[PDB]
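Below: the structure, in structure tokens.
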Amino acid sequence: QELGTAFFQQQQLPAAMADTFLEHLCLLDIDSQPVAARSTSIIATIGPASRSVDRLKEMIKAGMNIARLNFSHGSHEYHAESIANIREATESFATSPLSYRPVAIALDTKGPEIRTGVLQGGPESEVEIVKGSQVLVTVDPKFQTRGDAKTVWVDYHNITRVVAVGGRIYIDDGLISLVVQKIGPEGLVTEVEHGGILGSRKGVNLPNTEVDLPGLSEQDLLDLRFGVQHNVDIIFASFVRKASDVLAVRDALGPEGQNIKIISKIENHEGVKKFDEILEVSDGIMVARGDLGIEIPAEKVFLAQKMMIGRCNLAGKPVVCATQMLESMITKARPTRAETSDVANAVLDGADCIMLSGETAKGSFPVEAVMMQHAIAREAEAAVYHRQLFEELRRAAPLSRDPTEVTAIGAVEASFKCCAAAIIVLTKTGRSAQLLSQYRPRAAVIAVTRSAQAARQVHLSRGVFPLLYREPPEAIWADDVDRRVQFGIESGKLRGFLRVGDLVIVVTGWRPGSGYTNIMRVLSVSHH
Amino acid sequence: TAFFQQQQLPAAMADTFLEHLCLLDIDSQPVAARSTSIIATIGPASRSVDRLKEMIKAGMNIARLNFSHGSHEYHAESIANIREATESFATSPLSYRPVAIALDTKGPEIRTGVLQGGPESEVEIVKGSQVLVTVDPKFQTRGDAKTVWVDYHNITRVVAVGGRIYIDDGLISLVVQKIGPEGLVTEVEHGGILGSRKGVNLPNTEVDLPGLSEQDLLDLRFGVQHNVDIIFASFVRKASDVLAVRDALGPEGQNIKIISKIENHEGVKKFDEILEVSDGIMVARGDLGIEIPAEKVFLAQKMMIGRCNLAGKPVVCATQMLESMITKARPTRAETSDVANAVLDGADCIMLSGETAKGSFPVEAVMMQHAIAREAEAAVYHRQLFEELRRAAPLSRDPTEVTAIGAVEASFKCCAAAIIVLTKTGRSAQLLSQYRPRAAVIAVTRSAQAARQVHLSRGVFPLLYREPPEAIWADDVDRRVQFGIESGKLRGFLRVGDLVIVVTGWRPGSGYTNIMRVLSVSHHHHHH
Amino acid sequence: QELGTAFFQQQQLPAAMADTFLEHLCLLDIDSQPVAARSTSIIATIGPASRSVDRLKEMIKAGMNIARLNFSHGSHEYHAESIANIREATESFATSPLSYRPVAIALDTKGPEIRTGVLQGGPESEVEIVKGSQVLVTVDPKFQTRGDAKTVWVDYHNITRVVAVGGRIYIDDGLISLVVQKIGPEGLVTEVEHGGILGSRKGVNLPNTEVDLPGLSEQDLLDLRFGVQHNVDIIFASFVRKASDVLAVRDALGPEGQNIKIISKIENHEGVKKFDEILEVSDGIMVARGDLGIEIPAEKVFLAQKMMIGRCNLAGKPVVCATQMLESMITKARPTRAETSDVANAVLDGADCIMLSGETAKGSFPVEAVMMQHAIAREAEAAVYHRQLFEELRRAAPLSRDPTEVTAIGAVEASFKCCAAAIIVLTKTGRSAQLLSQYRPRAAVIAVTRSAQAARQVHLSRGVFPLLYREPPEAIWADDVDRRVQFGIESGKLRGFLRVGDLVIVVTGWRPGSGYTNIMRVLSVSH
Ligand SMILES: Nc1ncnc2c1ncn2[C@@H]1O[C@H](COP(=O)(O)OP(=O)(O)OP(=O)(O)O)[C@@H](O)[C@H]1O
Ligand SMILES: Nc1ncnc2c1ncn2[C@@H]1O[C@H](COP(=O)(O)OP(=O)(O)OP(=O)(O)O)[C@@H](O)[C@H]1O
Ligand SMILES: O=P(O)(O)OC[C@H]1O[C@](O)(COP(=O)(O)O)[C@@H](O)[C@@H]1O
Ligand SMILES: O=P(O)(O)OC[C@H]1O[C@](O)(COP(=O)(O)O)[C@@H](O)[C@@H]1O
Ligand SMILES: O=P(O)(O)OC[C@H]1O[C@](O)(COP(=O)(O)O)[C@@H](O)[C@@H]1O
Ligand SMILES: O=C([O-])C(=O)[O-]
Ligand SMILES: O=C([O-])C(=O)[O-]
Ligand SMILES: O=C([O-])C(=O)[O-]
Ligand SMILES: [Cl-]
Ligand SMILES: [Mg+2]
Ligand SMILES: [Mg+2]
Ligand SMILES: [Mg+2]
Ligand SMILES: [Mg+2]
Ligand SMILES: [Mg+2]
Ligand SMILES: [Mg+2]
Ligand SMILES: [Mg+2]
Ligand SMILES: [Mg+2]
Ligand SMILES: [Mg+2]
């Protein structure tokens with residue numbers, strides 16, 4: 001009502017109050033400055049360009065929420081040191097819960113993939129595959145660490161039997177195309193159709209093939225155990241084809257790994273086909289557009305993205321958009337017009353998380369890349385048409401008898417009614433926060449938890465801002481609850497989420513332990 | 001399985017109103033408690049203590065006393081019998097049904113005199129005949145088929161030649177030929193059988209009458225003195241009329257609900273300003289259907305009900321709803337349809353006049369309104385209604401308003417059997433009712449008057465709590481909540497395994513409602 | 001803009017342009033006068049009160065479109081007299097051959113029903129059945145025309161067996177309730193639970209019983225042959241319980257009766273159960289609330305009504321709302337508040353036709369009952385929320401490869417874009433008009449036909465105004481088409497449907513014969 005005239009001209013609120021989508025579009029305003037904290041989480045792949053403690057400190061300040069460790073590269077020893085560095089940088093800000101941001105760690109698996117070998121000049125070297133040249137693809141292990149511009153080793157022994165003369169071999173998410181001329185004892189003699197810069201251990205994709213490949217290799221098992229031992233938060237499971245891939249991963253993690261979240265990467269035609277069964281048994285999904293867009297026609301990937309994000313939004317499960325989002329920023333300080341558009345559109349499509357790969361793992365501007373995802377996402381989030389979104393989730397979602405579910409829809413609705421600055425929720429596992437996130441409030445969901453791991457893992461859900469509460473239980477449980485709510489309000493103040501006289505929605509439960517969230521309260525923020 | 005086939009839920013799921021209509025099913029039994037209150041006019045057929053007990057059991061919520069007829073003593077008698085009948089059930093507080101008492105004013109009505117042959121005589125007014133309309137005192141008790149006396153003395157200076165004079169629910173029509181010293185010489189345009197003291201209507205004649213007459217002031221005084229809950233104020237033409245009623249009621253009468261009756265053209269014209277200053281509205285279809293064309297009344301009804309639904313204020317549909325049941329045991333097909341459509345239009349209350357005041361079947365008239373309303377309430381298209389009311393309601397920083405919408409949203413998500421709310425004045429209950437939930441709003445109150453008055457708001461079931469305050473206020477709050485659930489179970493509104501939403505406040509006194517909770521109803525008598 | 005902003009204040013146009021239903025209600029305005037011609041057709045039942053040529057003429061002036069003959073009453077001879085008087089009244093206006101109104105004739109069957117006998121005194125007489133008294137229900141032929149306050153005859157010979165002791169016999173749409181005390185040789189001796197005034201030949205309804213009645217009795221077959229031989233337009237087929245019932249009717253009408261519309265009456269529980277298979281093989285539906293309201297619980301009838309009209313509107317097939325709509329006007333000059341509201345809500349529910357029974361058949365105010373239905377229907381039509389109704393039909397209905405379908409939706413959309421005063425359609429059978437009527441245009445459908453029967457029959461679909469074209473062909477077909485269209489336009493001007501400067505939509509076909517409608521044009525009304 002009377003927060004000010006100015007209030008209703010900010011954060012695209014004229015567009016928010018449109019009666020149609022079309023009218024909503026027409027009312028978008030470049031001069032309407034975003035106000036809410038950026039809610040879509042940024043995942044940054046950690047490699048040579050992003051490994052130092054100093055650099056990780058600036059990536060955290062720029063907006064990094066989740067660090068991705070790609071086990072298709074490096075080694076256990078390398079990734080262990082990456083983790084050490086991440087945790088040093090993260091904990092450097094723990095001095096005062098004023099700038100303390102949890103950072104989650106994700107292990108991205110190799111999975112049923114085909115990779116090239118390490119070049120002659122070593123794992124950080126490159127060679128130029130030239131258009132028109134002859135290239136031998138070999139399976140002879142003597143070439144495993146001795147690849148160059150003429151001979152490429154591959155780790156799938158059976159390629160020779162499986163690829164046809166005149167057939168294509170693609171390298172590095174389709175960067176390089178080889179056409180098979182001849183088959184024989186030496187391997188596959190190819191001509192380079194499209195050339196480029198080949199690095200070490202690059203992905204190999206084979207059109208017109210149905211390679212049966214284990215699913216969990218012996219290396220995969222070592223990698224998941226490494227994950228459990230180093231207490232990673234998330235598994236990004238590569239090339240999930242079917243439900244049983246997800247269950248195999250859940251099995252190998254074991255009961256000690258039971259709390260680790262599994263985000264299934266959809267990277268091929270089969271995964272898209274079996275999406276429903278995959279999503280059912282997964283904690284969430286990654287639209288892995290690098291592999292996907294060379295496994296399926298490039299012009300079709302956007303249908304897959306929009307569909308999978310839609311379905312995850314409906315299921316209330318985290319979804320990640322990935323790969324080539326700000327690609328040009330590997331060598332330039334500013335992105336292309338298509339790249340800003342792609343990020344904005346991933347937020348508008350409804351992604352919980354967006355991701356940087358080469359842009360942060362090996363590029364010249366890792367910090368700028370994080371900064372740019374931050375700035376775009378914050379603008380896109382203000383432009384979501386919540387009215388239609390919320391209305392469509394009501395119409396489409398099932399009825400629920402779960403009291404936390406019921407509480408969360410009422411809490412979010414209440415947050416719109418009064419333009420609440422935040423919804424403060426107590427959560428042991430993240431779940432009560434996740435169930436608020438699914439209705440996409442404009443209000444920040446501030447999740448207060450004692451669980452360090454839950455604080456990291458809630459970054460998967462758009463708009464959940466974790467606060468690690470560190471005080472030991474009060475003598476009286478009601479007083480412990482109150483102190484945690486007050487903690488959320490005061491961190492809200494000091495982080496600029498709240499000010500005296502804002503309204504907040506508070507979501508609690510009626511007893512200790514998980515699953516008893518059933519209370520929604522409306523509070524005015526005051527001084528003491 | 002069976003659950004989803006009742007309460008017209010197949011029709012409730014429909015994607016369009018059209019498909020909703022197509023899916024309505026006569027075999028789908030309502031299960032909700034009846035939410036549209038029944039106002040029964042009390043008179044000869046309905047004032048014995050025994051009859052009134054049967055009428056309470058049939059569903060009567062509000063007793064109307066029509067002060068167009070009967071002495072003060074006759075009305076005081078009716079009140080004592082109503083209170084006796086009501087209080088006969090008070091030895092069962094979990095089942096006790098409050099009954100409100102409404103005083104309907106005489107207002108500026110015009111009536112004919114007594115006939116020569118006295119108050120049981122009747123005379124034929126023949127069409128084509130000349131009849132004088134006189135205000136000569138000597139004709140007050142000497143009416144015949146050629147002279148009719150009228151109690152509006154100023155009628156002879158206010159009805160110009162060519163003016164129409166309607167008598168007895170508009171069934172007799174006179175057209176003025178001349179204004180003489182003897183009065184209005186007229187011609188019978190429509191004829192009929194005329195009795196004593198019959199209502200007169202003067203449409204397209206602006207009357208001089210005061211608004212509050214000396215009798216009205218006596219009658220409003222009587223109202224305060226006998227602690228009536230509601231004034232139905234006859235012939236409200238403008239906002240100043242409403243304020244005159246509020247002033248006469250005095251400081252003693254401040255809490256009495258004023259429901260303005262819209263009975264003529266000017267009242268429709270000035271509806272908006274009238275509704276502003278009133279607690280609610282009655283579509284008084286009897287007078288209105290003579291004052292304006294009969295074939296336009298349905299537009300005024302639907303307009304007024306809509307605007308009231310928009311304002312979150314109670315609206316009453318009245319007059320001739322089950323008219324035939326004055327003499328017959330079963331109503332006409334038009335009459336059942338009238339009742340159902342009043343509910344579907346959005347009426348909070350429906351009314352019975354002659355059918356309960358003087359007819360042969362008062363109890364069965366009440367039973368019939370009960371049964372129809374139940375069927376119609378199940379058939380309301382909530383999906384559309386809820387959205388349109390959500391969207392039309394303004395943003396609010398008032399926590400009662402914020403919590404109300406969260407609780408109704410929540411009710412809909414779990415198909416909650418009830419919303420239980422504590423209220424001192426009825427307001428927190430009204431703010432739920434205004435979103436038209438399918439769930440029953442069980443209002444728990446210590447105030448006997450509020451318990452009576454909340455019957456004006458659709459879907460509010462008052463429970464009068466009688467226990468002395470617990471020493472700890474939170475305990476007192478909890479006892480009332482558990483009392484609401486236990487009354488709910490006993491009256492069969494709630495069964496074990498149902499979810500209820502509970503609505504409470506953070507301190508004592510009106511205006512601090514701010515908490516919504518989700519409970520399960522257990523077999524046990526304490527719930528969580 | 002340049003219609004004059006007075007145009008956007010009449011006809012409930014502010015309410016028409018609401019964004020929501022709720023806003024639409026809030027904008028309804030009693031000072032906003034209707035301007036369109038009344039589109040919901042009025043069916044009047046013809047009996048004692050409506051027999052004379054002068055009376056029928058007045059009923060036609062008041063707005064009667066269909067005359068209903070109830071063969072549960074009278075005799076062949078009686079209805080032949082009625083028909084002759086209806087046609088003489090109808091043809092008395094053929095003088096000015098564009099103020100001629102076709103009037104359809106509907107034969108309403110007995111069907112599988114039970115009825116009481118003729119009283120002592122004859123079919124004009126009445127007796128009071130007194131509450132508490134003892135009444136004998138008998139199957140003895142000697143009481144067949146000898147009924148009184150104490151013995152009532154019924155034409156279901158096997159009634160002694162189907163009704164238990166302590167079971168209810170309802171008479172005249174539930175007006176009278178009898179409870180069976182004892183079962184014996186004379187019949188059933190009953191005590192009167194609810195009394196009332198009994199006439200001759202009143203409906204008997206038996207709750208919690210099954211009766212074995214054929215579907216088409218020997219009398220039904222005689223009555224349908226009568227209908228064919230007297231060139232009736234419509235059969236209102238009583239107590240349609242299943243799809244086979246409709247097909248039997250269609251069989252009995254035979255090749256001679258091919259073009260007669262069957263409107264199936266839904267009046268009991270089985271009929272509601274089997275609605276979908278009945279509507280499928282029927283030309284239309286009647287919601288027969290008299291019987292229906294004593295066969296099922298009275299508080300349920302409104303659900304059945306709204307469901308059935310909703311489904312008919314979706315199937316694009318005409319539906320009639322019937323019985324007790326203006327009941328009090330049997331004795332009173334003015335209706336009750338419930339009655340006006342009922343008529344309005346029938347129209348707002350989407351009924352194509354509204355009906356009068358006793359109000360015109362036997363009451364004191366037949367003409368004023370018709371006038372009242374006319375007045376209400378006209379107000380209610382302007383209050384339809386076209387915006388939502390069109391949208392939901394578009395969403396709900398199937399796609400179609402039929403050129404007439406495709407053209408109709410186009411035409412109606414075009415009618416809205418320009419506020420066309422009329423859509424003019426050429427039709428042989430009415431089908432092309434009907435397919436426009438299903439989208440409920442605010443614009444009048446002026447249907448130009450050479451078929452007198454079609455011109456009577458199209459009254460069944462809301463918004464269709466028939467113009468019977470009388471001229472003989474032109475050498476060139478295309479010239480004949482253009483003259484029929486010109487007839488439409490000049491007829492609309494004269495009747496005040498149209499003025500110079502109105503737009504009209506014109507719907508035509510590419511060749512003669514039925515089934516080839518496929519053209520829509522936008523014309524300015526000339527000179
Ligand atoms: N830990 C690392 N050490 C060295 N180089 C790395 C590391 N992580 C990533 N890279 C480099 O950055 C590139 C892009 O990273 P990204 O994580 O997308 O891997 P990818 O090879 O495309 O496989 P995926 O399909 O799993 O994304 C890699 O191809 C590799 O050249
Ligand atoms: N042709 C007629 N001759 C004499 N009286 C008639 C005739 N038609 C109708 N009536 C009178 O009007 C009443 C109502 O007319 P209506 O056509 O509704 O008949 P009904 O008995 O109600 O049977 P249905 O269930 O077919 O309507 C009849 O019961 C009868 O008293
Ligand atoms: O989101 P989750 O994991 O269900 O946890 C929410 C739980 O948190 C609480 O607010 C607090 O529980 P604790 O005191 O055990 O932290 C409970 O009332 C509620 O059931
Ligand atoms: O509906 P109202 O009149 O505002 O009353 C609601 C009030 O009832 C309560 O729930 C209980 O108050 P009391 O103990 O004064 O009855 C308050 O917490 C709340 O403000
Ligand atoms: O509505 P129906 O019976 O299908 O009639 C539509 C027919 O009327 C016409 O406009 C004219 O046909 P006729 O010339 O045979 O009268 C045809 O073009 C069209 O197929
Ligand atoms: O694996 C990925 O991240 C991809 O392929 O996009
Ligand atoms: O006073 C009334 O209730 C009326 O006139 O309808
Ligand atoms: O038969 C009828 O017309 C009825 O019963 O309503
Ligand atoms: Cl009786
Ligand atoms: Mg990988
Ligand atoms: Mg790859
Ligand atoms: Mg990649
Ligand atoms: Mg990949
Ligand atoms: Mg009064
Ligand atoms: Mg009145
Ligand atoms: Mg019949
Ligand atoms: Mg009838
Ligand atoms: Mg019938």
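Note on naming: chains are A, B, ... as they come in the structure tokens, residues start from 1 per chain, ligands start from 1 in the order shown.
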Handout entry: Distance filter 7 Å around ligand 9, atoms: only C-alpha atoms and all ligand atoms, out as a list in words
Key =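 Within the 7 Å cut-off, the matching residues are residues 328 and 329 of chain B; 131, 194, 195 and 196 of chain C.
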Handout entry: Which of segment 343-421 of chain C DSSP labels alpha helix (DSSP H), written as a VMD selection string
Key = chain C and resid 343 to 349 358 to 361 366 to 382 386 to 396 403 to 418
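Residues of segment 289-323 of chain B that DSSP places in strand (DSSP E or B), based on the backbone of this structure, are residues 315, 316, 317 and 318 of chain B.
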Emit the selected residues as a compact mmCIF listing (two decimals), in the first residue's frame, including C-alpha atoms.
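Full text of selection-v7.txt as output:
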```txt
# COMPACT_ATOMS: atom_id res chain seq x y z
CA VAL B 315 -25.56 -10.31 1.39
CA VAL B 316 -29.09 -11.81 1.83
CA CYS B 317 -31.41 -13.03 -0.90
CA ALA B 318 -35.08 -12.67 0.17
```
Handout entry: Distance query residue 419 of chain B at most 6 Å, only C-alpha atoms, self and fewer than 2 positions along chain excluded, as a list in words
Key =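 Contacts, with the query itself left out: residues 441, 500, 501 and 502 of chain B.
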Practice task
With only C-alpha atoms and all ligand atoms counted, collect every polymer residue having an atom within 12 Å of ligand 17; state the result as a PyMOL selection string.
Solution key: (chain B and resi 332-333) or (chain C and resi 44-46+68-73+108-110+171-175+201-203+238+265+267+286-294+321-325+327+355-362)
Store the residues picked out above, limited to N, CA and C atoms, as a compact mmCIF listing (two decimals), in the first residue's frame.
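The resulting part_34.txt:
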```
# COMPACT_ATOMS: atom_id res chain seq x y z
N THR B 332 -42.34 -25.59 -5.99
CA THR B 332 -42.30 -25.69 -7.45
C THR B 332 -40.85 -25.84 -7.93
N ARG B 333 -40.70 -26.18 -9.22
CA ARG B 333 -39.40 -26.42 -9.81
C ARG B 333 -38.63 -25.09 -9.92
N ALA C 44 -45.35 -22.92 -25.95
CA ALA C 44 -46.63 -22.82 -25.24
C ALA C 44 -47.44 -24.10 -25.43
N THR C 45 -47.88 -24.72 -24.33
CA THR C 45 -48.77 -25.87 -24.34
C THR C 45 -50.22 -25.40 -24.61
N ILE C 46 -50.83 -26.04 -25.61
CA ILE C 46 -52.14 -25.69 -26.09
C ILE C 46 -53.16 -26.63 -25.45
N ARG C 68 -47.18 -26.69 -28.24
CA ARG C 68 -47.01 -28.04 -27.77
C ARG C 68 -48.37 -28.70 -27.55
N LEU C 69 -48.54 -29.89 -28.14
CA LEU C 69 -49.78 -30.66 -28.01
C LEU C 69 -49.51 -31.87 -27.12
N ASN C 70 -50.13 -31.92 -25.95
CA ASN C 70 -49.85 -33.02 -25.03
C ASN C 70 -50.87 -34.14 -25.20
N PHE C 71 -50.41 -35.25 -25.78
CA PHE C 71 -51.22 -36.41 -26.05
C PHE C 71 -51.44 -37.28 -24.81
N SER C 72 -50.92 -36.90 -23.65
CA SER C 72 -51.42 -37.47 -22.40
C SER C 72 -52.85 -36.96 -22.07
N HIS C 73 -53.34 -35.96 -22.80
CA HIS C 73 -54.61 -35.34 -22.60
C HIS C 73 -55.40 -35.33 -23.91
N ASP C 108 -46.25 -34.05 -28.10
CA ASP C 108 -45.67 -34.55 -26.86
C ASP C 108 -46.34 -35.90 -26.56
N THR C 109 -45.55 -36.98 -26.52
CA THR C 109 -46.09 -38.33 -26.43
C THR C 109 -46.49 -38.65 -24.98
N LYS C 110 -47.24 -39.75 -24.83
CA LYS C 110 -47.51 -40.35 -23.54
C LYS C 110 -46.23 -41.02 -23.02
N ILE C 171 -49.28 -38.43 -7.24
CA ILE C 171 -50.19 -38.05 -8.35
C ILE C 171 -49.99 -36.57 -8.74
N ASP C 172 -49.92 -36.33 -10.06
CA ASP C 172 -49.77 -35.01 -10.65
C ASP C 172 -48.45 -34.35 -10.21
N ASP C 173 -47.34 -34.95 -10.64
CA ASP C 173 -46.00 -34.40 -10.43
C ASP C 173 -45.76 -34.21 -8.93
N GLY C 174 -46.28 -35.14 -8.12
CA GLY C 174 -46.08 -35.11 -6.67
C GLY C 174 -47.01 -34.16 -5.91
N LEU C 175 -47.98 -33.53 -6.58
CA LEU C 175 -48.99 -32.69 -5.89
C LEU C 175 -49.68 -33.48 -4.77
N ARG C 201 -56.58 -37.36 -15.51
CA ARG C 201 -55.53 -37.91 -16.37
C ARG C 201 -54.18 -37.33 -15.92
N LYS C 202 -53.88 -37.57 -14.64
CA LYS C 202 -52.73 -36.99 -13.99
C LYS C 202 -51.70 -38.09 -13.83
N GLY C 203 -50.43 -37.67 -13.91
CA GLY C 203 -49.26 -38.55 -13.84
C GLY C 203 -49.18 -39.22 -12.50
N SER C 238 -41.70 -38.47 -24.43
CA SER C 238 -41.77 -38.58 -22.99
C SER C 238 -41.00 -39.83 -22.51
N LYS C 265 -37.22 -36.29 -23.88
CA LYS C 265 -37.51 -35.76 -22.58
C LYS C 265 -36.82 -36.62 -21.52
N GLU C 267 -36.85 -37.36 -17.67
CA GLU C 267 -37.81 -37.15 -16.61
C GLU C 267 -37.65 -38.14 -15.45
N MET C 286 -35.14 -32.22 -23.72
CA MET C 286 -36.00 -31.44 -22.81
C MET C 286 -35.70 -31.85 -21.37
N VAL C 287 -35.41 -30.85 -20.54
CA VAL C 287 -35.33 -31.07 -19.11
C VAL C 287 -36.75 -30.96 -18.54
N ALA C 288 -37.39 -32.11 -18.37
CA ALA C 288 -38.82 -32.20 -18.02
C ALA C 288 -38.97 -32.23 -16.49
N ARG C 289 -38.92 -31.06 -15.86
CA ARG C 289 -38.65 -30.98 -14.43
C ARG C 289 -39.87 -31.44 -13.60
N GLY C 290 -41.06 -31.47 -14.21
CA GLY C 290 -42.30 -31.94 -13.53
C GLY C 290 -42.15 -33.36 -13.01
N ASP C 291 -42.05 -34.31 -13.94
CA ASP C 291 -41.78 -35.71 -13.58
C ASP C 291 -40.40 -35.83 -12.92
N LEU C 292 -39.38 -35.19 -13.50
CA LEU C 292 -38.02 -35.40 -13.01
C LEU C 292 -37.97 -35.05 -11.52
N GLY C 293 -38.69 -33.98 -11.14
CA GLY C 293 -38.66 -33.44 -9.77
C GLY C 293 -39.46 -34.25 -8.76
N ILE C 294 -40.20 -35.27 -9.21
CA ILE C 294 -40.77 -36.20 -8.27
C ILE C 294 -40.12 -37.58 -8.44
N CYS C 321 -35.69 -26.08 -21.40
CA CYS C 321 -36.05 -26.10 -19.96
C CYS C 321 -37.58 -26.03 -19.83
N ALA C 322 -38.16 -26.95 -19.05
CA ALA C 322 -39.64 -27.13 -18.97
C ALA C 322 -40.14 -27.19 -17.52
N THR C 323 -41.36 -26.67 -17.33
CA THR C 323 -42.33 -27.04 -16.24
C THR C 323 -42.16 -26.15 -15.00
N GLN C 324 -43.26 -25.48 -14.65
CA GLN C 324 -43.50 -24.73 -13.40
C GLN C 324 -42.66 -23.44 -13.38
N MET C 325 -42.26 -22.99 -14.58
CA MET C 325 -41.39 -21.80 -14.69
C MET C 325 -42.12 -20.52 -14.23
N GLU C 327 -45.39 -20.77 -12.63
CA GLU C 327 -46.52 -21.58 -12.18
C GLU C 327 -47.62 -20.70 -11.60
N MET C 355 -40.30 -23.15 -21.75
CA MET C 355 -41.56 -23.76 -22.00
C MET C 355 -42.57 -23.32 -20.93
N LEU C 356 -43.84 -23.30 -21.35
CA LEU C 356 -45.00 -23.05 -20.51
C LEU C 356 -45.95 -24.25 -20.66
N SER C 357 -46.46 -24.72 -19.52
CA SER C 357 -47.38 -25.86 -19.50
C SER C 357 -48.80 -25.37 -19.16
N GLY C 358 -49.24 -25.61 -17.92
CA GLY C 358 -50.56 -25.16 -17.41
C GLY C 358 -50.75 -23.67 -17.58
N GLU C 359 -49.65 -22.91 -17.60
CA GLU C 359 -49.72 -21.47 -17.68
C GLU C 359 -50.45 -21.06 -18.96
N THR C 360 -50.24 -21.81 -20.05
CA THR C 360 -50.94 -21.54 -21.29
C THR C 360 -52.06 -22.57 -21.58
N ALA C 361 -51.96 -23.78 -21.03
CA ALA C 361 -52.89 -24.84 -21.35
C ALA C 361 -54.24 -24.63 -20.63
N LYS C 362 -54.24 -24.17 -19.37
CA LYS C 362 -55.46 -24.20 -18.57
C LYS C 362 -55.61 -22.98 -17.66
```
Find the residues of chain C that sit at most 6 Å from ligand 5; for each, write down the nearest two atoms and how far apart they are in Å, to one decimal. Count only C-alpha atoms and all ligand atoms. Sort by chain, then by number going up, and give it as a Markdown table.
```
| residue | atom | partner | partner_atom_place_in_ligand_line | distance |
| --- | --- | --- | --- | --- |
| C:426 | CA | ligand 5 | 10 (O) | 4.5 |
| C:427 | CA | ligand 5 | 5 (O) | 3.5 |
| C:428 | CA | ligand 5 | 3 (O) | 3.8 |
| C:429 | CA | ligand 5 | 3 (O) | 3.8 |
| C:430 | CA | ligand 5 | 1 (O) | 5.0 |
| C:431 | CA | ligand 5 | 1 (O) | 4.3 |
| C:432 | CA | ligand 5 | 1 (O) | 3.6 |
| C:508 | CA | ligand 5 | 10 (O) | 4.5 |
| C:509 | CA | ligand 5 | 18 (O) | 3.1 |
| C:510 | CA | ligand 5 | 18 (O) | 5.1 |
| C:511 | CA | ligand 5 | 18 (O) | 4.6 |
| C:512 | CA | ligand 5 | 15 (O) | 3.4 |
| C:513 | CA | ligand 5 | 15 (O) | 3.8 |
| C:514 | CA | ligand 5 | 4 (O) | 3.6 |
| C:515 | CA | ligand 5 | 4 (O) | 3.9 |
| C:516 | CA | ligand 5 | 20 (O) | 3.3 |
| C:517 | CA | ligand 5 | 20 (O) | 4.5 |
```
Practice task
Write out as an MDAnalysis selection string the residues lying within 7 Å of segment 101-110 of chain A, counting only C-alpha atoms and excluding same-chain residues fewer than 4 positions away.
Solution key: chainID A and resid 65:72 90 220 227 232:238 455:457
